[PDB]
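> Sending over a structure as structure tokens; questions will come in a sec.
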Amino acid sequence: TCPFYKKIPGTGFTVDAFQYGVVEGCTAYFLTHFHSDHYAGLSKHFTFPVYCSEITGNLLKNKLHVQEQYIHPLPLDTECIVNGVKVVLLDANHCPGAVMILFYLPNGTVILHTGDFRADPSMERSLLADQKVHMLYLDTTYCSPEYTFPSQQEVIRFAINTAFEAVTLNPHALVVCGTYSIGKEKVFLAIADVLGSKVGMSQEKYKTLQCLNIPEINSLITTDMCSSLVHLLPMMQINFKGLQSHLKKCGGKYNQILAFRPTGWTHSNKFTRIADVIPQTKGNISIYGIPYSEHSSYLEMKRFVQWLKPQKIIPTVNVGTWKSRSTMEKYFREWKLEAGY
Ligand code: NI
């Protein structure tokens, strides 16, 4: 049964609600982005209208084989009418194709659903600036002050300089980057650009990347592993055993691996500056864990919400425990009293 925080009152609409069978009263199903916790339940047998971005629609058609007649892509930053309700899709600064959705209810209420997002001050100059929002359905993944991490720009700087140093010291080193979903493509693309290489990968991952409208992508990626000195591997293989086994397959082309594991936040963020990060090393294999996040830090979240001044907030992440829910409500009240709304 579909939970309340996936339903949009006063409409026939649901958001990221594909795993509950046929939802009673739902005339249009919105999908914020192509991550499996959110698309869970879609397939080629789905026969209700799906509303999403153009990129999310390319992935629905090519990866899950949803038939074209049920896929309704919408342009961003553009007022659209769906089943007689005005909607707009905004960039969520999450993974490729990820959107937030503004719904303009017939009774005059305005609702923003952020999907998954990384809040940024640049959102304060989108179409959000123009009007009041009554209810916010908020990605609260890191809604606690302990959750600090660097900008994406600082993390990429660390990774490019680390990779370029290693391979200039040893021209026979291979760089490996872990992946399990779309998102975080800047990690491997930035590293391959500084090394003058294409990124090599499996046929299934190359397929996924071809759906993403990334400029000049044919120049950046390849399924020919032998021509490439940056390889992508499934995240599960990013460990000493998996990497040893990969090096064996490269036919004595390489004598060292440097590997990156993009994570979200980890507790070593509570102690160590990005500058000071060191790898785990066994023999000729080193593994860096780097805190590349596609969700808001606590401070980024707080700034967006205090700017938006919503009348009511409905969390969409960490809603399963009483202690979580109570923690989040406390922070929302602090933010409200501090800013005066
Ligand atoms: Ni996500």
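In the structure tokens, chains take letters A, B, ... by order of appearance, with residues numbered from 1 within each chain and ligands from 1 in the order shown.
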Could you list, as a count of residues only, all protein and nucleic acid residues with an atom at most 8 Å from ligand 1, counting only C-alpha atoms and all ligand atoms?
11
> List every residue of region 61-201 of chain A that DSSP, applied to the backbone, labels as strand (DSSP E), and write the result as a ChimeraX atom specification.
/A:71-73,80-82,85-91,99-104,110-113,135-138,173-179,199-200
> I need the residue nearest residue 175 (chain A) from this list: A:137, A:260, A:298, A:142. Use only C-alpha atoms for the distance.
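Going through A:137, A:260, A:298, A:142 one by one, the smallest distance to residue 175 (chain A) is for A:260.
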> Using Å and a single decimal, report how far CA of residue 303 (chain A) sits from CA of residue 289 (chain A).
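The value is 27.6 Å.
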> When you look at residue 266 (chain A) with a cut-off of 10 Å (counting only C-alpha atoms), what residues show up, excluding the ones that are within fewer than 4 positions of it in the same chain? I need them as a ChimeraX atom specification.
/A:147-149,270,289-291
> CA of residue 127 (chain A) and CA of residue 77 (chain A) are how many Å apart?
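Separation between CA of residue 127 (chain A) and CA of residue 77 (chain A): 7.1 Å.
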> Check the smallest atom-to-atom distance from each of A:322, A:307, A:30, A:180 to residue 339 (chain A) using only C-alpha atoms, then report the winner.
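Distance minimum relative to residue 339 (chain A) lands on A:307.
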> Excluding residue 192 (chain A) and residues on its chain fewer than 2 positions from it, collect all residues at most 10 Å away from it, counting only C-alpha atoms, and give them as a ChimeraX atom specification.
/A:160,163-164,175,186-190,194-200,220-221,228-231
> Take the residues just selected and output them with N, CA and C atoms as a compact mmCIF listing (two decimals), in the first residue's frame.

```txt
# COMPACT_ATOMS: atom_id res chain seq x y z
N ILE A 160 41.63 14.32 -9.38
CA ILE A 160 42.46 14.58 -10.58
C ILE A 160 43.97 14.63 -10.21
N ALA A 163 45.33 11.10 -9.17
CA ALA A 163 45.49 10.25 -10.32
C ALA A 163 46.69 10.70 -11.20
N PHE A 164 46.77 11.99 -11.47
CA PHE A 164 47.79 12.54 -12.38
C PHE A 164 49.17 12.31 -11.75
N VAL A 175 44.16 3.10 -13.56
CA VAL A 175 43.20 3.70 -12.61
C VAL A 175 41.88 2.98 -12.77
N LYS A 186 31.19 12.67 -13.06
CA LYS A 186 32.32 13.60 -13.03
C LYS A 186 33.59 12.96 -12.48
N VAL A 187 33.49 11.99 -11.58
CA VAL A 187 34.66 11.39 -10.98
C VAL A 187 35.55 10.75 -12.05
N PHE A 188 34.97 9.86 -12.83
CA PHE A 188 35.74 9.09 -13.80
C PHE A 188 36.01 9.92 -15.06
N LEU A 189 35.08 10.78 -15.45
CA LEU A 189 35.33 11.63 -16.64
C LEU A 189 36.48 12.66 -16.42
N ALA A 190 36.53 13.30 -15.24
CA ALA A 190 37.58 14.23 -14.90
C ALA A 190 38.98 13.60 -14.86
N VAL A 194 42.20 14.30 -17.51
CA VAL A 194 43.55 14.72 -17.15
C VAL A 194 44.62 13.74 -17.65
N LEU A 195 44.28 12.47 -17.79
CA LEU A 195 45.25 11.41 -18.22
C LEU A 195 45.30 11.24 -19.75
N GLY A 196 44.43 11.96 -20.47
CA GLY A 196 44.27 11.80 -21.94
C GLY A 196 43.81 10.46 -22.42
N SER A 197 42.88 9.85 -21.69
CA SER A 197 42.41 8.53 -22.00
C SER A 197 40.89 8.61 -22.14
N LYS A 198 40.30 7.60 -22.79
CA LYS A 198 38.85 7.36 -22.70
C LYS A 198 38.63 6.47 -21.53
N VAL A 199 37.40 6.46 -21.06
CA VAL A 199 37.00 5.58 -20.01
C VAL A 199 36.44 4.27 -20.57
N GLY A 200 37.08 3.17 -20.25
CA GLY A 200 36.65 1.83 -20.59
C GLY A 200 35.71 1.14 -19.63
N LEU A 220 34.48 10.47 -25.09
CA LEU A 220 34.93 10.18 -23.71
C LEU A 220 34.90 8.73 -23.19
N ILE A 221 34.18 7.80 -23.82
CA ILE A 221 33.97 6.46 -23.27
C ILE A 221 34.12 5.40 -24.35
N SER A 228 42.23 1.82 -23.15
CA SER A 228 41.87 2.78 -22.07
C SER A 228 42.73 2.52 -20.81
N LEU A 229 43.16 3.57 -20.13
CA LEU A 229 43.85 3.40 -18.84
C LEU A 229 43.10 3.93 -17.64
N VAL A 230 41.81 4.19 -17.83
CA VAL A 230 40.84 4.36 -16.71
C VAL A 230 39.72 3.37 -16.94
N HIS A 231 39.58 2.38 -16.07
CA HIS A 231 38.49 1.39 -16.19
C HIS A 231 37.39 1.60 -15.15
```
> Write out as an mmCIF file with N, CA, C and O atoms, in the first residue's frame which residues come within 10 Å of residue 84 (chain A) when counting only C-alpha atoms, dropping same-chain ones fewer than 6 positions away.

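Okay, this is what ended up in selection.cif:
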```cif
data_model
loop_
_atom_site.group_PDB
_atom_site.id
_atom_site.type_symbol
_atom_site.label_atom_id
_atom_site.label_comp_id
_atom_site.auth_asym_id
_atom_site.auth_seq_id
_atom_site.Cartn_x
_atom_site.Cartn_y
_atom_site.Cartn_z
ATOM 1 N N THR A 11 -5.064 15.997 -6.277
ATOM 2 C CA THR A 11 -4.705 15.594 -7.631
ATOM 3 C C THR A 11 -4.871 14.086 -7.767
ATOM 4 O O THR A 11 -4.979 13.369 -6.763
ATOM 5 N N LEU A 105 -1.845 23.659 -7.344
ATOM 6 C CA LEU A 105 -3.087 22.945 -7.101
ATOM 7 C C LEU A 105 -4.252 23.838 -7.493
ATOM 8 O O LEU A 105 -4.129 25.058 -7.372
ATOM 9 N N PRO A 106 -5.361 23.222 -7.983
ATOM 10 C CA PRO A 106 -6.523 23.995 -8.406
ATOM 11 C C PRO A 106 -7.057 24.939 -7.310
ATOM 12 O O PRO A 106 -7.404 26.046 -7.627
#
```
